[PDB]
Each structure stands twice: as structure tokens, then as C-alpha cells.
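Visitor: Have a look at the structure that comes next, please.
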Amino acid sequence: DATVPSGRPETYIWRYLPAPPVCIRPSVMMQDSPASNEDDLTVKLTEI
Amino acid sequence: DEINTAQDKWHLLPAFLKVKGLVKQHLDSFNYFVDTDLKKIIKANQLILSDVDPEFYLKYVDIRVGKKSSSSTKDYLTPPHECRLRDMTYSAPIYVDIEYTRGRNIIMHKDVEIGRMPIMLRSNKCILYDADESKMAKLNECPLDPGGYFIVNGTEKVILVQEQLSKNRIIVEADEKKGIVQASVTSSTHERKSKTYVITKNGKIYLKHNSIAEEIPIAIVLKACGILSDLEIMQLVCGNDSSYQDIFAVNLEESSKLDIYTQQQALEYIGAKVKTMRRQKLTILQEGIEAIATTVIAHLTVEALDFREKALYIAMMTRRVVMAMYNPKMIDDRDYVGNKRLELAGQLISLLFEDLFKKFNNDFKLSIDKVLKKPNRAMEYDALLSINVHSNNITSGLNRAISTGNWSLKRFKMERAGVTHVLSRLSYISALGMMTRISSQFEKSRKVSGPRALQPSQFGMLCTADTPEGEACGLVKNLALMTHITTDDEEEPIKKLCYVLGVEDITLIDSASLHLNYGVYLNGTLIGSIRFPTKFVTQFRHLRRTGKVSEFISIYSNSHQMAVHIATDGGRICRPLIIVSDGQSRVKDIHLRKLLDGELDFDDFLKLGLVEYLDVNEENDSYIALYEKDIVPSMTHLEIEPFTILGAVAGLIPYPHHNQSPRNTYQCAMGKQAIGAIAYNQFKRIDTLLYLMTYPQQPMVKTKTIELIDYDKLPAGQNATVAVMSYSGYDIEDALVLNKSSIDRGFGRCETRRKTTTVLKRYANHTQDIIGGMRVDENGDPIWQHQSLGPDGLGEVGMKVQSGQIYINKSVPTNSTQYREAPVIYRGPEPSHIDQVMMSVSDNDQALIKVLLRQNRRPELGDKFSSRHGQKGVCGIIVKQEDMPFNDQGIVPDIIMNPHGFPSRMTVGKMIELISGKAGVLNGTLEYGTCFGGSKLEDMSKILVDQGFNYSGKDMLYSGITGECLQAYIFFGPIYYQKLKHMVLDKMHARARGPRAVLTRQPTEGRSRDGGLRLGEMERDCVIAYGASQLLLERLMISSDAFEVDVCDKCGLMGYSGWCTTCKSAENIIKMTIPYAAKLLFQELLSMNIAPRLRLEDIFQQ
Amino acid sequence: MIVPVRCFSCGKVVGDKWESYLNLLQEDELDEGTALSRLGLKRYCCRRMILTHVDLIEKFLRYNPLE
Ligand SMILES: [Zn+2]
Ligand SMILES: [Zn+2]
């Protein structure tokens, strides 16, 4: 349904990545190394 | 009194256990490894060469563990208990002799240490070997410890015995609506493969290998293996039987349907389908590639121009297929005990060390190439500095594999886990039963109960009662009391013997007559045929009884499949039987008299041919008598003692043959959790958790097994005075009535000891943690947090620690000069007492503090007890002694157990135990409840009557609360009761509010972290079925995750601070409460390209 | 470990009979039943208190850390 914007099919191709909020992908504190440990999603978006 | 063969042949069991202990599979496997398998690995990987500098080589000459040639004594090993205390590894160094060439033509030996070998306890290399309990006391070791495990980084790890299907044997399996496949998982010394062998359609037989692209027609492969007459193919795989001819003839047509064949044509066909070899030796891609395809199709490597051996192997493969085609039930049970092998810790470690040494050699040669790639001044002197450096990887990987249980083997290429487990220290029987435990192969499709059922073929090999509960029911198995695991014997000394005994080699036999006489198979391989298979088998068994061949080699004949089978491989479970000849047993109690007097140990019964080991397969050819009185003139063997069909743990049960089997299995479970005595050095031990009974008693009714395993030396339980009666109504449903003032006098009194370990670790900035502290108040007294802390900052031995107090005052540097407090705080509902503070260092020069916290425990309401018969229960009520029923002498039961637990569970063994224990206490003698035996009930009744008690153990009691005679006679007597490790003090949990997982903003998951209880899908469904919408809301949002989100009414997107931050207006933002799980899921959906816009309406306005 | 002071069921003092029981068994050896009866342990609860005791404290004392 193209009544509303974003109903265009071209919005269904990955152009913008909505990087999630920090609370969605928490970074643990003092894990192994005194340094904070990040997580899989943050690592993947860094690589992207 | 003269020896009677019937009731005195059981002494063969203590004789056998004297030299072949319960923990002997591990011990023999490790001893064989460190004595010969190390030599074999060193000789296989003996010479690493370099492409550069041909006038240079490195030769591994000898390998030795823990001993040098400088002195006759061995090297000083850190004692295993010191390793346990210091959190290090009980290991001995590996030494090799190195022949490395010098630049000036110098030949020399050496004694080079290339790493550390984690030593099994009580092995040949262990310091506890043949220690006389005085050396054991000096080394702080219990003389009753099983041994057979490893101490890696202070942790006792046991490499569990592994079940697997036998390799290099044909297994035929059928199916419904799929067809018939039969496989041969063939494992060579360096490559493992499964020559799978399937039928596709039209009764057409195909060969399906991993390397081959598509399944090859069987006639093609049979012609490729030299068998190319195409009438002998059908003669070999069908013989003279008309049915098999018709079943097999279809795939003779497809042999010519493509084109008629020579050997080399089928060779080229099969070689066309080879997949790849990582693109090395590409110029072999011709008819020559089929040669490697066929030679690496199985374990029958062909090293000449004759293919008859592999050809006949494939032919019998096909013939088994064809018999299964003609009828099912010609397949073989995959759960048959004879079709499984037991691999042991020595074999595991041998293969792991092979991989580690291969890696070590590869990296050493890389270092050699890097050193010798320099053009000039390539001095040779001290070419072993690198080996001094590089020895750490062998030690590191060898320790890590045992510590973690994960075994990453690159050469063989599987990743298996759970090889090792932390040794159980709940009880002495817990440790002993953790040894002799077997884990079965995974990937089994646990949805079925196939490899879960008890098989009759495990009789006397695997305990029929010691199986776990819950999830590993029938998968984890245990060794029977009197068993042996065969070792590998070389088969070429005995193929020659088979030829001597009349076997004609398959190279002298024609195909037409092959199925006319019996074939002879050596480890699954048809080596020849023979006339008179019965006479051949008899001659072989005589030759083994006279010691001319290994007593572990098994010979048996198959009538349905015309085949005499000889097995020499290791991993086969076997047990000794008395040989019965001509209707008579061969022991005849002159040997028993000699055995008891001191001569003729168990091995001499094998040397004289009185006993012999039988594996599961020879038992098919045997006919065993259970007893002497049923020796009929057709029986081949006689049971040494039939109660050995139960394991070590199941031997704790008195009169198990009088119980329902689930009760015996449940007692096998409970005895491992019973609280008792751990070891003679249990107060020297500092374990993570240790429950100890204050006043353990040996059972009044014991068995032969418990005295064979020395359970009466470290018993876990007490002989409670028990009245079996309904009482007080607090004993319904397994619940027990415990006597107050029996608890007061120490009945069921135990304690728990818990260790906490902290390391003062040094840091790269040359800083480290410290344990300074113990700040005082102005009056001089320490603050309450430091009441029991001592000047050194470590809690004082003997002092009580309440919850919140510090017993390790550790300070951590803030730039790991300034120290932030990280003290170890006691978090316990009940106070503990510091009973031990150990200060030491580890092998890596780092401070190590271990504090032992002990805590006395009174049996309270809800604590669990059991009675050796699967009758467990919690304390329902604790009653005053004067409220208890009493007998004429004033005897008051310690425990009252409900009679309602008996009729449905049918633990008659428990009643017999009560009567036998009562007779034993009145007579002064400990009674026996041995399986299939024990003390007769009538003799116990005679003792009871002769002492003035009722023959059936029922006494007239008076009520303790009314004083009147109870109208029924009460079953009254002693029963051994075990207090189990499940105390309500460690189970009582209650959370109001507290820690939350930040990701989901929900309460945490564990009683340790003060977590909440999960209201799952099923509870939600129950609440829905009640129709309680508000309770649903309160439990699943209000009391779990209630987030006050901001929702824009225009676009259903969540905002913050009443701000749409997408419409940037804040006019349409409204406020509502949703689960934080819903908030998180919406935000995660927005992370993908899914926008779950919320549409909102007013609750009101009707 | 060490012999309990009192019988769990009766409360009768049995901790003063362990040594006399051991010496009855060793010196001028008696059967266990008659040794128990000679010490006054008449009731079967007090009998099992001594009959089933495992003297583990002697084994524990072999590892004395304050030699
Ligand atoms: Zn909006
Ligand atoms: Zn008493």
C-alpha cells in the first residue's frame, strides 16, 4: 500500500542502517581484561 | 571345616580385586600409554627434516616420563595433595634423547625436557604407587582414595570411559520405507572413514563412500578389486542359494548395461569419481587414482597387486546386505554390548599427545627453517634453546584438554567435549562410582529409547542398577564389579596360528566353495576357511587356556552366518568365569584351599586353565551355570559369584533382589548424594564444597561389595531406630518424622566446608593486589565488618563470620599506589566459622589465599533422608522424645517412616534389612544383605525369638502421648539412613526486589544473584484459564517489567522526555505503561527494517 | 569419628564404654555380643551405638599438622 510514505518498494533495499541504541546492545563492564567488553552487534556494526 | 566349592569359590572375587582393582581401566590404560605408546609416538615422529641444509637432521631417540639417567631414583614430583592445595598440576616432565648433528661431524646424545606430563594418581609414575599408608599419611593422601584421575590446576579431573561402536566391523541395519544400509566405520592410524553401503532402488546394491561423488554399483567395485569373472561375484555374494541369486542378479545386469568390463575399465570408472586431494600430486589423475581410492577405502590397506582380501571384504559386505534383503532380523543390534568398544584415558591421552607432538614438531621445524635460512654464521652449537622455549605448548595443550574436556584434534578432525569431568566429592561412594563410569556415544537421536534400554548382553559387564535419572537414563553406564577391558594384541602372531590349525588362506580358496565350509574371520576380516570349525575352535580355546595365546583373545563360532570369529582388539569388556569341563567345574576347592592359604593368586587360576575371560561374544558360544548345583553335562562355564552383576555403588543396597528394580536404581542415585566420610585426609583437604557427617556409622546390614570397596571404613549414614507406623499426619507422601533429642544427641548432625580462593595478582605496571586492612574504631575494637579479620587482613581461624563481615580484605590498585577495596564478604543466611586459612603461591609465582569456611548443620524441617532402598523423603516434623511411641525397654525411634511407602514400591528388602539389623544388633554381629544371598530371614527370626522379640520384628509399643498400647504391632528396628546433600537451608530463596538484567530490565536468574522465579508459558496459560486478567497484568508487567514509555499518537513510535524525536513536535506524545520486553522488542525491530507503529485509542468515551 | 557420648535413641551414656569394649575384644577376647552385654548395653539402640561406630578420629590423627 503506497498511500503513506515508506510504501515505495525502494525503501525495502538496505540503504540506511539504523544503528541500535546502546541499551539495545549493552557493553559489559570489567569483563576479563580491566577494559570493558563490547558485544556481537556492536562489533558487527563497527565492521559494517 | 573343609572348603566347599559352592560357598567358597566367591573368594576368587577378592583375589581378582586385589591385583585388578575397580579403578584399573584408567590405571592400566595410563601405564600402557606412558610405557609403550609414548615410545610408539616418538618412533613414528622420529625425524623432522628440512628442505634446506640436507647435511642436518633431528632424531628423537628415546622418550621417558619423570625419570632421568643421572640417578636410579626418579625426579621429585610435587605431591598430589600439595598440587591440590597450591592449585597446580600434578605432572612429571617428559624427557627425550636428541641426535642433532653438529657442523664438525659430532654425534651426541642428551636428556632434554620437552614439557610436563599430567600424571594419573596411583599410576606407575605416581608417588603414591605402592605407598604403605605411612608414606600416604606423610604425603597427606587418603589410602582409600581410588586414584585414576588427574590433578590439573588443583582440580581432580577424571577421563570417563567412552562407549562407541566397534571400528573395522560390519554393521548391518535395516529400515522401513527406506531400504537397507550397512556400514564399516574404518579407522586407520591416520584416517577415519565410513565406507557406507546402501541400496537405492530395484534391489540394486551400491557402495557409498565420502570421497566418491555418487554411489558406485557394487559389481563395478567387485570387478575393480580383481574379482572379475562376474559368476564368482554372484558365487561369492550369493553362493548356491537360489533366493539370493534372484535378489542380487539385478545389479549384475547394470554391470554390462553401461558396457562390458575388464578390471582396469572398472578401475578407471571408480577413479573418475574421486573428489580431490587439496590439489597436490595432480599428475596422478589417471587410472592410478583409483588405486589410492581402493587402498584408502577401508582398513585393509593393499600394498601389492593382489586385491583378494579387499575383494572378499566387499563381497561379504554385499552378502550381509543380500541376507538382510531376503529377510530382516538378519541385521545386527546396534545396542548389543558385543558391538561396542570401551576407549580409556590412556588411549585418549595417547592420541592427544600424538596431535600435540605433531604440532610441536611442525613448529620446531618452522623455527629451524627460520634459523637456518640466514646465509652466513649459522652456528650449530646449542640448537636446543628454541626447544627449551617451545616445550611450553605441549604442557599447555595437554593441561587445557584435560581441564576443559574439549579435545580439538586436527589430524583426525572431530571436536569432542565432555571427555573429562570434575571428580565427585559428595561421598566416598560418589568418587568411586564416578570412576568406573562410562559415557555413551552422542548423536544418538535420544528421542528413542533404543540405546536407553537394559540389554541382556550387559549381564556381568555393566551394572544393571547403576543408571542415572532425569535425562541421561541408560546413556551413562557403569562397570560391573568383576570385569576386565581387553588390550590390543598383535593379530599377525595368531593369523599364523590359524594357518597352522588348518585354516586355508583365501588365496587358496575358490569362490564356488567359499560358502560350503565355515569361514574364519580375524577382527572382522575373512582370512580363510576351515573344515571342522568346531574342532578348530576347541583347539584354539585349549591353546589359549594353556597360555600359548593371549587370554584376552576371543574365539566364537556363528551358525546362522557360517563364520568362526576371532577378536584381538582392545576395548572389549570381559569378565572371568570358571571353566566347566565334562560336567564338572575345574576349581574343585583344592585350588580354593591354596588360594585362601596364600598360594595361587588369581592369575594362577588363569595359568592353570581353571578360569578364563569371556567377552560378550564368546558368551554366545558358552552355557554358564549360575551355581554348582545346576552344572548339567552341557555347560561350558560357571559363575564365580552372580552378585557381581551389580556395580560398586549398587553393592551398597542390602537385599536388592527383594526390591523392585526402580528402587535399586534410585538408591544408586541417592547413595552418591549421601553425606558421610570423604577420606582419611578430609580435614586436610580444602575443597569448593564438602559435606561431612559428624557421627557416621557403618551399616548393620552390609554386603560383600561394601567390604570389598571399603565402604565400611568411610560410611555415609547412620543406623536409625525406625518404627514403621503412621504418626502425627506429618509423614504422608515420603515425609519423615524425626526425633528431637535424637538430633540433640547428634543423629544426622553434619557440617559443610566451603573454600573461597583469591589470588593477589601482579600486573604489567609492577603493581599487585594486597590484603592489608583491619581498620579500627576509636575505642580500639575493629569495626563490625572487620570483627574477625586478623592483623594480616585474613579472617582468624576459629572465629565466626556473620553475613556482611569480611574475611579476606583484598585491595586492588586503581591503575592496574592507590588501592580500591575489593574484599571477600561473607553472604550467608547462617553464620560460618573460619576453620582454615592457607597462604601459598602457585607455580607462576603469584600469591594464593584459600579460606575454608565450615558450618555445622542441625537436621531441620525439610532436610532430605533416604534408606538405601529408594525410599527418600524430607523431615515433615520434629517431635519431642516423650511424644514418640516407646517399647517395653523404653526404646524410642529416631525416625518414623510411613507404612504407606511400602505396598506400592515393594521394597521387601527394606523390611528384611530391618529384621536382619535387629537380629544383628541383638546378636552382636553385623549382618549381610548381599545380592542373591545374605543372612537368611529364618536365622534372624531365630535370633529375635531367642532374645525375647517377635520373630517378625513387630513389637508392642505404647503411645507416647496417650500412654496406651498401640492396637497394632509396629515394625520396630534399625535401618541405615543416609542424610542427602539437599538441605532446605540451601534451597530457601525469596526475592522481593533487587538485581535486574539491564538488557531486559527483568529480575536476575539465580538464587546466588537473588533472582526471581520465572512465570513461564505454562503458568501464564493456567492463569489465563482461570480468567484472571488483572493477575496476569500484575505478575507479567507490574511485578516484572513496567516501563513508562512515551508514544506519539500520530506515528506509533516511542519517544523520550515526552518528545516524538521523529515528528519533533511533542503534541501527539502520550504516556502509557508497557513491558520493558515490549519496549526492547520494538526497538530491536526498529534495528531491522521493521517499524511496529503503535495505534492508540481512548479507554474511555465509551 | 569419635564415639558419641550418648545413645541417639535412649540418651544412655555410651561414650565411656568404647575403650572398655575395645579392651574386652582384645584382652581376654570376647564375642562382640557378649562384650556389649557385659558393658550393660542391653537395649539394641545402645548396642548399635557401639557396634556400628567407625573410629575415624584415629585415621584423622595420622595427618596431624602440628607435629
Ligand atoms: Zn510521532
Ligand atoms: Zn539407648
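Identifiers in the C-alpha cells: chain A, B, ... in order shown; residue index from 1 per chain; ligand index from 1 in order shown.
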List all protein, DNA and RNA residues that have an atom no more than 10 Å from any atom of ligand 2, counting only C-alpha atoms and all ligand atoms, and report them as a JSON list (two decimals) with N, CA, C and O atoms, in the first residue's frame.

Guide:
```json
[["chain", "number", "residue", "atom", "x", "y", "z"],
["B", 721, "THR", "N", 17.06, -45.98, 64.71],
["B", 721, "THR", "CA", 15.95, -46.76, 65.23],
["B", 721, "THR", "C", 14.68, -46.30, 64.54],
["B", 721, "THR", "O", 14.30, -45.12, 64.64],
["B", 889, "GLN", "N", 11.24, -51.67, 76.87],
["B", 889, "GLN", "CA", 12.53, -51.21, 77.38],
["B", 889, "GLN", "C", 12.69, -49.70, 77.28],
["B", 889, "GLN", "O", 13.74, -49.18, 77.69],
["B", 890, "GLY", "N", 11.69, -48.98, 76.77],
["B", 890, "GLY", "CA", 11.80, -47.55, 76.60],
["B", 890, "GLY", "C", 12.52, -47.11, 75.35],
["B", 890, "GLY", "O", 12.87, -45.93, 75.25],
["B", 891, "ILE", "N", 12.75, -48.01, 74.40],
["B", 891, "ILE", "CA", 13.41, -47.63, 73.16],
["B", 891, "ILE", "C", 12.46, -46.76, 72.34],
["B", 891, "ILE", "O", 11.28, -47.09, 72.17],
["B", 892, "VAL", "N", 12.98, -45.65, 71.84],
["B", 892, "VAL", "CA", 12.20, -44.65, 71.12],
["B", 892, "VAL", "C", 12.79, -44.53, 69.72],
["B", 892, "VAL", "O", 14.00, -44.39, 69.58],
["B", 893, "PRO", "N", 11.98, -44.60, 68.66],
["B", 893, "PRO", "CA", 12.53, -44.49, 67.31],
["B", 893, "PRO", "C", 13.18, -43.13, 67.07],
["B", 893, "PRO", "O", 12.69, -42.10, 67.52],
["C", 6, "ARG", "N", 26.32, -40.19, 73.94],
["C", 6, "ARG", "CA", 25.05, -40.80, 74.33],
["C", 6, "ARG", "C", 24.44, -41.56, 73.17],
["C", 6, "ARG", "O", 24.67, -41.25, 72.00],
["C", 7, "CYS", "N", 23.65, -42.58, 73.52],
["C", 7, "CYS", "CA", 22.85, -43.28, 72.53],
["C", 7, "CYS", "C", 21.83, -42.33, 71.92],
["C", 7, "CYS", "O", 21.14, -41.60, 72.63],
["C", 8, "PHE", "N", 21.74, -42.35, 70.58],
["C", 8, "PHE", "CA", 20.86, -41.41, 69.89],
["C", 8, "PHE", "C", 19.41, -41.56, 70.33],
["C", 8, "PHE", "O", 18.69, -40.57, 70.50],
["C", 9, "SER", "N", 18.96, -42.80, 70.52],
["C", 9, "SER", "CA", 17.56, -43.07, 70.84],
["C", 9, "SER", "C", 17.29, -42.98, 72.33],
["C", 9, "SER", "O", 16.27, -42.43, 72.75],
["C", 10, "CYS", "N", 18.19, -43.52, 73.15],
["C", 10, "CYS", "CA", 17.92, -43.64, 74.57],
["C", 10, "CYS", "C", 18.41, -42.44, 75.35],
["C", 10, "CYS", "O", 17.75, -41.98, 76.29],
["C", 11, "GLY", "N", 19.56, -41.89, 74.96],
["C", 11, "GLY", "CA", 20.26, -40.93, 75.78],
["C", 11, "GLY", "C", 21.18, -41.55, 76.80],
["C", 11, "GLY", "O", 21.77, -40.82, 77.61],
["C", 12, "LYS", "N", 21.31, -42.87, 76.80],
["C", 12, "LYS", "CA", 22.23, -43.54, 77.70],
["C", 12, "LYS", "C", 23.67, -43.23, 77.32],
["C", 12, "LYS", "O", 24.02, -43.18, 76.14],
["C", 13, "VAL", "N", 24.51, -43.01, 78.33],
["C", 13, "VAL", "CA", 25.91, -42.69, 78.09],
["C", 13, "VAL", "C", 26.63, -43.92, 77.56],
["C", 13, "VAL", "O", 26.73, -44.94, 78.25],
["C", 14, "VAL", "N", 27.13, -43.83, 76.33],
["C", 14, "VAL", "CA", 27.92, -44.89, 75.72],
["C", 14, "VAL", "C", 29.33, -44.44, 75.40],
["C", 14, "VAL", "O", 30.15, -45.26, 74.97],
["C", 41, "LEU", "N", 25.04, -52.61, 77.90],
["C", 41, "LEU", "CA", 24.30, -52.19, 76.71],
["C", 41, "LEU", "C", 23.27, -53.26, 76.40],
["C", 41, "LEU", "O", 23.51, -54.19, 75.63],
["C", 42, "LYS", "N", 22.10, -53.13, 77.02],
["C", 42, "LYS", "CA", 21.03, -54.10, 76.90],
["C", 42, "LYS", "C", 20.11, -53.80, 75.72],
["C", 42, "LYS", "O", 19.81, -54.69, 74.92],
["C", 43, "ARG", "N", 19.66, -52.55, 75.60],
["C", 43, "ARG", "CA", 18.77, -52.17, 74.52],
["C", 43, "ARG", "C", 19.53, -52.14, 73.20],
["C", 43, "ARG", "O", 20.72, -51.81, 73.14],
["C", 44, "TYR", "N", 18.83, -52.49, 72.11],
["C", 44, "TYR", "CA", 19.51, -52.63, 70.83],
["C", 44, "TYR", "C", 19.96, -51.30, 70.25],
["C", 44, "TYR", "O", 20.91, -51.27, 69.46],
["C", 45, "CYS", "N", 19.32, -50.19, 70.64],
["C", 45, "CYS", "CA", 19.81, -48.88, 70.22],
["C", 45, "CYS", "C", 21.19, -48.59, 70.79],
["C", 45, "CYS", "O", 22.13, -48.24, 70.06],
["C", 46, "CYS", "N", 21.34, -48.74, 72.11],
["C", 46, "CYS", "CA", 22.65, -48.57, 72.73],
["C", 46, "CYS", "C", 23.64, -49.62, 72.23],
["C", 46, "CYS", "O", 24.84, -49.37, 72.20],
["C", 47, "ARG", "N", 23.14, -50.79, 71.85],
["C", 47, "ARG", "CA", 24.02, -51.82, 71.30],
["C", 47, "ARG", "C", 24.59, -51.39, 69.95],
["C", 47, "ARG", "O", 25.80, -51.48, 69.73],
["C", 48, "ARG", "N", 23.73, -50.90, 69.05],
["C", 48, "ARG", "CA", 24.19, -50.45, 67.74],
["C", 48, "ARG", "C", 25.06, -49.21, 67.83],
["C", 48, "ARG", "O", 25.93, -49.03, 66.97],
["C", 49, "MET", "N", 24.87, -48.38, 68.86],
["C", 49, "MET", "CA", 25.74, -47.22, 69.05],
["C", 49, "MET", "C", 27.21, -47.63, 69.08],
["C", 49, "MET", "O", 28.05, -47.00, 68.43]]
```

Visitor: Kindly compile the residues surrounding ligand 1 within 9 Å, counting only C-alpha atoms and all ligand atoms, and format them as a list in words.

Guide: residues 1047, 1048, 1049, 1050, 1051, 1052, 1053, 1054, 1055, 1059, 1060, 1061, 1062, 1063, 1064, 1065, 1066, 1067, 1068 and 1069 of chain B

Visitor: Neighbours of residue 16 in chain C within 10 Å (only C-alpha atoms; same-chain residues fewer than 6 positions away dropped), as a PyMOL selection string?

Guide: chain C and resi 3-6+39

Visitor: For those residues, write N, CA and C atoms to a file as a PDB file, in the first residue's frame.

Guide:
```pdb
ATOM      1  N   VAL C   3      33.513 -41.801  69.329  1.00  0.00           N
ATOM      2  CA  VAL C   3      32.284 -42.453  69.793  1.00  0.00           C
ATOM      3  C   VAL C   3      31.335 -41.404  70.362  1.00  0.00           C
ATOM      4  N   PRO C   4      30.063 -41.401  69.973  1.00  0.00           N
ATOM      5  CA  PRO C   4      29.123 -40.437  70.547  1.00  0.00           C
ATOM      6  C   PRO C   4      28.973 -40.642  72.045  1.00  0.00           C
ATOM      7  N   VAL C   5      28.789 -39.530  72.758  1.00  0.00           N
ATOM      8  CA  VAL C   5      28.662 -39.589  74.210  1.00  0.00           C
ATOM      9  C   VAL C   5      27.445 -40.411  74.610  1.00  0.00           C
ATOM     10  N   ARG C   6      26.316 -40.190  73.941  1.00  0.00           N
ATOM     11  CA  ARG C   6      25.054 -40.796  74.332  1.00  0.00           C
ATOM     12  C   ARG C   6      24.440 -41.563  73.172  1.00  0.00           C
ATOM     13  N   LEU C  39      28.921 -54.830  79.198  1.00  0.00           N
ATOM     14  CA  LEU C  39      29.020 -53.404  79.476  1.00  0.00           C
ATOM     15  C   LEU C  39      27.686 -52.779  79.855  1.00  0.00           C
TER      16      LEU C  39
END
```

Visitor: Show me, as a list in words, every residue of chain B with an atom at most 12 Å from chain A, counting only C-alpha atoms.

Guide: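 Contact residues on the first chain: residues 763, 812, 813, 814, 815, 816, 997, 998, 999, 1000, 1001, 1051, 1076, 1077, 1079, 1080, 1081, 1082, 1083, 1084, 1085, 1086, 1087, 1088, 1089, 1090 and 1091 of chain B.
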
Visitor: Mind giving me the straight-line distance from CA of residue 489 in chain B to CA of residue 570 in chain B in Å, one decimal?

Guide: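 Calculated distance between CA of residue 489 in chain B and CA of residue 570 in chain B is 7.5 Å.
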
Visitor: Quick one: which residues from chain B are at most 9 Å off chain C, using only C-alpha atoms, as an MDAnalysis selection string?

Guide: chainID B and resid 134 137:141 677 679:684 693:700 712:715 718:721 739 741:747 881 889:894 918 920:926 973:974

Visitor: Fewer than 5 positions away in the same chain doesn't count, so skip those; otherwise give me all residues within 6 Å of residue 825 in chain B, counting only C-alpha atoms, as a list in words.

Guide: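 With the cut-off at 6 Å, the set is residues 804, 805 and 806 of chain B.
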
Visitor: Considering only C-alpha atoms, return as a PyMOL selection string whatever protein or nucleic-acid residues lie within 8 Å of residue 609 in chain B, sequence-local ones (same chain, fewer than 5 positions apart) excluded.

Guide: chain B and resi 545-546+579

Visitor: Take CA of residue 592 in chain B and CA of residue 552 in chain B and report the distance between them in Å, one decimal.

Guide: 23.4 Å

Visitor: Mind pulling up the distance from CA of residue 70 in chain B to CA of residue 94 in chain B?

Guide: 14.9 Å

Visitor: According to DSSP computed on the backbone, where in range 205-320 of chain B is there alpha helix (DSSP H)? Give the residues as a VMD selection string.

Guide: chain B and resid 218 to 224 232 to 238 242 to 248 250 to 258 263 to 272 288 to 295 308 to 320

Visitor: What's the 6 Å shell around range 516-521 of chain B, counting only C-alpha atoms, without same-chain residues fewer than 2 positions away, as a PyMOL selection string?

Guide: chain B and resi 513-514+524-530+562-565

Visitor: Pull N, CA and C atoms from the residues just selected and write them as a JSON list (two decimals), in the first residue's frame.

Guide:
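Output contents, as saved in selection.json:
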```
[["chain", "number", "residue", "atom", "x", "y", "z"],
["B", 513, "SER", "N", 33.30, -72.67, -3.64],
["B", 513, "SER", "CA", 33.24, -73.46, -2.42],
["B", 513, "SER", "C", 33.34, -72.61, -1.15],
["B", 514, "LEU", "N", 33.32, -71.28, -1.27],
["B", 514, "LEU", "CA", 33.56, -70.44, -0.11],
["B", 514, "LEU", "C", 32.44, -70.57, 0.92],
["B", 524, "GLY", "N", 37.03, -59.24, 12.16],
["B", 524, "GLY", "CA", 36.06, -58.89, 11.14],
["B", 524, "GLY", "C", 36.48, -59.17, 9.71],
["B", 525, "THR", "N", 37.71, -59.64, 9.49],
["B", 525, "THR", "CA", 38.24, -59.83, 8.15],
["B", 525, "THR", "C", 38.34, -61.32, 7.85],
["B", 526, "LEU", "N", 37.72, -61.74, 6.74],
["B", 526, "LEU", "CA", 37.78, -63.13, 6.31],
["B", 526, "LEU", "C", 39.21, -63.45, 5.89],
["B", 527, "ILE", "N", 39.94, -64.16, 6.75],
["B", 527, "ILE", "CA", 41.31, -64.53, 6.43],
["B", 527, "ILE", "C", 41.40, -65.89, 5.77],
["B", 528, "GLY", "N", 40.38, -66.73, 5.90],
["B", 528, "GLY", "CA", 40.39, -68.03, 5.27],
["B", 528, "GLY", "C", 39.18, -68.83, 5.68],
["B", 529, "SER", "N", 39.17, -70.08, 5.24],
["B", 529, "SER", "CA", 38.12, -71.03, 5.57],
["B", 529, "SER", "C", 38.75, -72.23, 6.26],
["B", 530, "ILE", "N", 37.90, -73.06, 6.86],
["B", 530, "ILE", "CA", 38.39, -74.26, 7.54],
["B", 530, "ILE", "C", 37.31, -75.33, 7.52],
["B", 562, "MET", "N", 27.86, -68.42, 8.59],
["B", 562, "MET", "CA", 28.81, -69.52, 8.72],
["B", 562, "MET", "C", 30.20, -68.91, 8.84],
["B", 563, "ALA", "N", 30.67, -68.78, 10.08],
["B", 563, "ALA", "CA", 31.83, -67.95, 10.38],
["B", 563, "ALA", "C", 32.37, -68.27, 11.76],
["B", 564, "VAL", "N", 33.68, -68.47, 11.85],
["B", 564, "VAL", "CA", 34.39, -68.51, 13.12],
["B", 564, "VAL", "C", 35.07, -67.17, 13.30],
["B", 565, "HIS", "N", 34.77, -66.49, 14.40],
["B", 565, "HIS", "CA", 35.23, -65.13, 14.64],
["B", 565, "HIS", "C", 36.30, -65.13, 15.72]]
```
